[PDB]
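Undergrad: Before I ask anything, let me first share the structure, which is written out below as structure tokens.
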Amino acid sequence: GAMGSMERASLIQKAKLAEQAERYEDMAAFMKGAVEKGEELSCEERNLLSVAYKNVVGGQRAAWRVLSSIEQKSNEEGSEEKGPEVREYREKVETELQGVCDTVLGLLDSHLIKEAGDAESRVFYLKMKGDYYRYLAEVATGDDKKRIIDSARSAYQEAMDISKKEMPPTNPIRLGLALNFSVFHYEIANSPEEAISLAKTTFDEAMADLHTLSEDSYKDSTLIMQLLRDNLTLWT
Amino acid sequence: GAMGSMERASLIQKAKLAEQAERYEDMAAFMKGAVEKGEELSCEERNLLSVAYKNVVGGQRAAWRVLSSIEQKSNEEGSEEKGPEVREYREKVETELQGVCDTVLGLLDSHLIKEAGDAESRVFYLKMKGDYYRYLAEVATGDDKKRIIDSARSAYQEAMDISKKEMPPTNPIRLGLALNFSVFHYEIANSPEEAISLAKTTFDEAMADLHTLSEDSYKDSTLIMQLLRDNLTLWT
Amino acid sequence: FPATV
Amino acid sequence: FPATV
Ligand SMILES: *CC(=O)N1CCC2(CC1)CN(C(=O)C1(Nc3ccc(Cl)cc3)CCOCC1)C2
Ligand SMILES: *CC(=O)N1CCC2(CC1)CN(C(=O)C1(Nc3ccc(Cl)cc3)CCOCC1)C2
Ligand SMILES: [Mg+2]
Ligand SMILES: [Mg+2]
Ligand SMILES: [Mg+2]
Ligand SMILES: [Mg+2]
Ligand SMILES: [Mg+2]
Ligand SMILES: [Mg+2]
């Protein structure tokens, strides 16, 4: 890989610079280089990795949705035929998106998850595995769509099982996992009741544990609790 | 080039899709493909080309400024030595920026300018030549900095000479050229008095010609006149 | 779209 | 920074 000659610490330093410059493709490439050094990642490093790819794929998903909407409009009654270009360009963006998801899933499988023994690391990586399978599911229309959905579900479920056993209900990783799994249920699995139940139970169990927290932890937890409430408001 | 197999009309169609998806790197690559077909560009096509590269280089300039500021801070008294990484990454972004500018200048030289005979096309391309030399000048620190500055000046001057002879004072291309040349004077040529004189004379001559315009042309002209006023307000 | 982190 | 188009 192109980052093979760069020191691990230099890659991490440059990832932080790239973040400040809002250069998320660079940030992701630096973090990929850092993962490929083969050492485990610290908490801060895990977050850099996630921030970088979340931003890259987030932009691709937004572009894909714009193009998909145009494509859907082209296939309505009365719409003038404009040739293959809309499908082609949507496919181009889709393929690039799938490539990024496959890259992230590859890092997780080789070998981040298998070396992650602490709950905070293992849950975080399994949540990411769920997330990137969910992004694949968003664009899937073929033979493998059910398997892709199941891969997302399985990863999220393993993460949920560990989080419930090993983390307090206010832990931000536990909360963010539940938030995202709830969205999986609503948007991917056609399970809005499960989505709503999960978000409500997560919120309520967190509420009950806030009393144990410092001011700074309270701020962290309540921010994600508000995201749960926002989704509940959207869905009810 | 990778776009050599794609129809000109398909490239233009996809550039428009890329714009809607805020995929400006793609938009630029599509427009580069379209220019390389060798036919002259319509007004709409010239604007697509300019929009695409303006957005790509604009992002690179913003990133370069973030990194340059960090680098400058690192070279102040009391700042802890952090190694070569900040310089290296600023250099990386700088090199990519210079590459994009060289690409645009290359399109203009091979062969957009030489085939542009109408004032609207020729002025527009010469303004772009000034603009991309100005972006090169922003990052230049070596033997050639004076020549780069002069290349920008020369292009802007030729564009100004044609615009004054061939276009009304409210023409948006004439106004945008004057706006940008004024900024060249202020930011690149260390000539704030010339910048202010140009912006004021341009504004005032445009004001006097508004009476000749339709409602829609008035809206177009006055928008750019407001940019001139905004700069004047900043500078006085 | 709904919130995710 | 100043306005350009
Ligand atoms: C070291 C570690 O595990 N992390 C991930 C959690 C984090 C610190 C770094 C707290 N945090 C957040 O609260 C936000 N992002 C986020 C939360 C939860 C997960 Cl699972 C992933 C990301 C909350 C949303 O706004 C950004 C920070 C990052
Ligand atoms: C066909 C043609 O020459 N053009 C360039 C001028 C334009 C229509 C397409 C009007 N216009 C603008 O008013 C804005 N951009 C712009 C103005 C002037 C120049 Cl020289 C370049 C660009 C004004 C700023 O906001 C975007 C439109 C594009
Ligand atoms: Mg080493
Ligand atoms: Mg496909
Ligand atoms: Mg359950
Ligand atoms: Mg042809
Ligand atoms: Mg350099
Ligand atoms: Mg003069």
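Lettering and numbering for the structure tokens are positional, with chains as A, B, ... in the shown order, residues counted from 1 in each chain, and ligands counted from 1 in the shown order.
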Residues of chain B within 9 Å of chain A, counting only C-alpha atoms - could you list those as a list in words?
TA: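 Close enough to count are residues 10, 11, 13, 14, 17, 18, 20, 21, 22, 23, 59, 60, 62, 63, 64, 65, 66, 67, 70, 83, 84, 85, 86 and 89 of chain B.
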Undergrad: I need the residues from that last selection saved to file as a PDB file, in the first residue's frame (with C-alpha atoms), if you can.
TA:
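Output saved as result_19.pdb:
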```
ATOM      1  CA  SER B  10     -23.173  12.151 -22.374  1.00  0.00           C
ATOM      2  CA  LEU B  11     -20.232  13.869 -20.686  1.00  0.00           C
ATOM      3  CA  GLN B  13     -25.273  15.297 -19.217  1.00  0.00           C
ATOM      4  CA  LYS B  14     -23.182  13.626 -16.519  1.00  0.00           C
ATOM      5  CA  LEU B  17     -25.835  15.248 -12.758  1.00  0.00           C
ATOM      6  CA  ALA B  18     -22.556  15.532 -10.874  1.00  0.00           C
ATOM      7  CA  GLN B  20     -26.737  18.193  -8.691  1.00  0.00           C
ATOM      8  CA  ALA B  21     -25.005  15.531  -6.537  1.00  0.00           C
ATOM      9  CA  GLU B  22     -22.285  18.002  -5.436  1.00  0.00           C
ATOM     10  CA  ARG B  23     -19.679  15.638  -6.954  1.00  0.00           C
ATOM     11  CA  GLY B  59     -11.757  23.178  -1.543  1.00  0.00           C
ATOM     12  CA  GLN B  60      -8.024  22.656  -2.070  1.00  0.00           C
ATOM     13  CA  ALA B  62      -9.360  26.175   1.872  1.00  0.00           C
ATOM     14  CA  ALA B  63      -7.432  23.059   2.983  1.00  0.00           C
ATOM     15  CA  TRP B  64      -4.100  24.596   2.026  1.00  0.00           C
ATOM     16  CA  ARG B  65      -4.848  27.703   4.147  1.00  0.00           C
ATOM     17  CA  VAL B  66      -5.745  25.549   7.183  1.00  0.00           C
ATOM     18  CA  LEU B  67      -2.485  23.592   6.860  1.00  0.00           C
ATOM     19  CA  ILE B  70      -0.766  25.283  11.362  1.00  0.00           C
ATOM     20  CA  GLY B  83       8.739  16.743  12.871  1.00  0.00           C
ATOM     21  CA  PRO B  84       8.231  17.067   9.090  1.00  0.00           C
ATOM     22  CA  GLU B  85       4.604  15.929   8.929  1.00  0.00           C
ATOM     23  CA  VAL B  86       2.859  19.312   8.801  1.00  0.00           C
ATOM     24  CA  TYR B  89       1.028  17.217   4.220  1.00  0.00           C
TER      25      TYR B  89
END
```
Undergrad: Show me which residues are within 10 Å of ligand 4 counting only C-alpha atoms and all ligand atoms, and format the list as a PyMOL selection string.
TA: chain A and resi 87-88+90-98+139-142
Undergrad: Please identify all protein, DNA and RNA residues within 6 Å of ligand 2, counting only C-alpha atoms and all ligand atoms, and report them as a list in words.
TA: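 Counting only what the definition allows, namely only C-alpha atoms and all ligand atoms, the set is residues 43, 44, 47, 124, 172, 173, 176, 177 and 220 of chain B; 5 of chain D.
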Undergrad: Kindly provide, as an NGL selection string, all nucleotide and amino acid residues lying within 10 Å of ligand 1, counting only C-alpha atoms and all ligand atoms.
TA: (:A and (41-48 or 50-51 or 54 or 119-128 or 171-180 or 217 or 219-225 or 227)) or (:C and (3-5))
Undergrad: Filtering to C-alpha atoms, could you give me those residues as a short mmCIF file (atom, residue, chain, number, x, y, z; two decimals), in the first residue's frame?
TA:
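And here's selection13.cif as it stands now:
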```
data_model
loop_
_atom_site.label_atom_id
_atom_site.label_comp_id
_atom_site.auth_asym_id
_atom_site.auth_seq_id
_atom_site.Cartn_x
_atom_site.Cartn_y
_atom_site.Cartn_z
CA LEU A 41 -5.82 0.91 17.83
CA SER A 42 -6.33 3.09 20.89
CA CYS A 43 -9.72 4.58 21.59
CA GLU A 44 -8.76 7.89 19.98
CA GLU A 45 -7.37 6.06 16.93
CA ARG A 46 -10.56 3.95 16.57
CA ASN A 47 -12.55 7.18 16.54
CA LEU A 48 -10.31 8.73 13.89
CA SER A 50 -14.62 5.83 12.15
CA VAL A 51 -14.85 9.60 11.59
CA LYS A 54 -18.22 7.91 8.06
CA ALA A 119 -15.79 -4.47 25.33
CA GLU A 120 -15.13 -0.89 24.24
CA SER A 121 -13.07 -1.96 21.23
CA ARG A 122 -15.05 -5.07 20.25
CA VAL A 123 -18.46 -3.37 20.45
CA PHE A 124 -17.16 -0.37 18.52
CA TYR A 125 -15.78 -2.54 15.66
CA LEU A 126 -18.85 -4.75 15.52
CA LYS A 127 -21.04 -1.64 15.32
CA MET A 128 -18.89 -0.44 12.40
CA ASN A 171 -22.07 4.31 27.77
CA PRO A 172 -21.87 6.39 24.53
CA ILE A 173 -20.77 3.36 22.48
CA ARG A 174 -23.71 1.32 23.78
CA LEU A 175 -26.03 4.26 23.06
CA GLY A 176 -24.70 4.89 19.55
CA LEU A 177 -24.91 1.18 18.73
CA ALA A 178 -28.56 1.09 19.83
CA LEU A 179 -29.33 4.27 17.90
CA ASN A 180 -27.89 2.78 14.69
CA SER A 217 -20.15 12.06 31.13
CA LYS A 219 -23.18 15.75 28.62
CA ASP A 220 -21.81 12.93 26.46
CA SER A 221 -24.64 10.53 27.23
CA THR A 222 -27.47 13.05 26.96
CA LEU A 223 -26.33 14.19 23.52
CA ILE A 224 -26.88 10.69 22.11
CA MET A 225 -30.08 10.26 24.14
CA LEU A 227 -30.70 11.61 18.98
CA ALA C 3 -29.96 10.19 13.14
CA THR C 4 -27.03 7.77 13.29
CA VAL C 5 -23.54 8.17 14.78
#
```
Undergrad: Suppose you want the space between atom CA of residue 231 of chain A and atom CA of residue 2 of chain C; what is it in Å?
TA: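 Pair atom CA of residue 231 of chain A / atom CA of residue 2 of chain C returns 5.8 Å.
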Undergrad: To one decimal in Å, tell me the separation between atom CA of residue 61 of chain B and atom CA of residue 78 of chain B.
TA: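 Going from atom CA of residue 61 of chain B over to atom CA of residue 78 of chain B, I get 28.0 Å.
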Undergrad: Output the neighbourhood of ligand 5 as a PyMOL selection string, that is, all protein and nucleic acid residues with some atom at most 9 Å from the ligand, counting only C-alpha atoms and all ligand atoms.
TA: chain A and resi 157+160+194+197-198
Undergrad: Each residue of chain B with at least one atom at most 12 Å from ligand 8 should appear once, together with its nearest atom pair and the corresponding distance in Å (one decimal); atoms considered: only C-alpha atoms and all ligand atoms; ordering: chain, then increasing residue number; output as a Markdown table.
TA:
```
| residue | atom | partner | partner_atom_place_in_ligand_line | distance |
| --- | --- | --- | --- | --- |
| B:156 | CA | ligand 8 | 1 (Mg) | 11.4 |
| B:157 | CA | ligand 8 | 1 (Mg) | 9.0 |
| B:158 | CA | ligand 8 | 1 (Mg) | 11.7 |
| B:160 | CA | ligand 8 | 1 (Mg) | 8.6 |
| B:161 | CA | ligand 8 | 1 (Mg) | 9.1 |
| B:164 | CA | ligand 8 | 1 (Mg) | 10.1 |
| B:178 | CA | ligand 8 | 1 (Mg) | 10.2 |
| B:181 | CA | ligand 8 | 1 (Mg) | 10.7 |
| B:182 | CA | ligand 8 | 1 (Mg) | 10.5 |
| B:185 | CA | ligand 8 | 1 (Mg) | 11.5 |
| B:193 | CA | ligand 8 | 1 (Mg) | 11.7 |
| B:194 | CA | ligand 8 | 1 (Mg) | 8.3 |
| B:195 | CA | ligand 8 | 1 (Mg) | 10.2 |
| B:196 | CA | ligand 8 | 1 (Mg) | 11.4 |
| B:197 | CA | ligand 8 | 1 (Mg) | 8.5 |
| B:198 | CA | ligand 8 | 1 (Mg) | 7.0 |
| B:199 | CA | ligand 8 | 1 (Mg) | 10.6 |
| B:200 | CA | ligand 8 | 1 (Mg) | 11.5 |
| B:201 | CA | ligand 8 | 1 (Mg) | 9.2 |
| B:202 | CA | ligand 8 | 1 (Mg) | 10.1 |
```
Undergrad: Please identify the residues whose atoms come within 10 Å of ligand 3, using only C-alpha atoms and all ligand atoms, and report them as a list in words.
TA: residues 4, 5, 6, 7, 8, 9, 10 and 37 of chain A
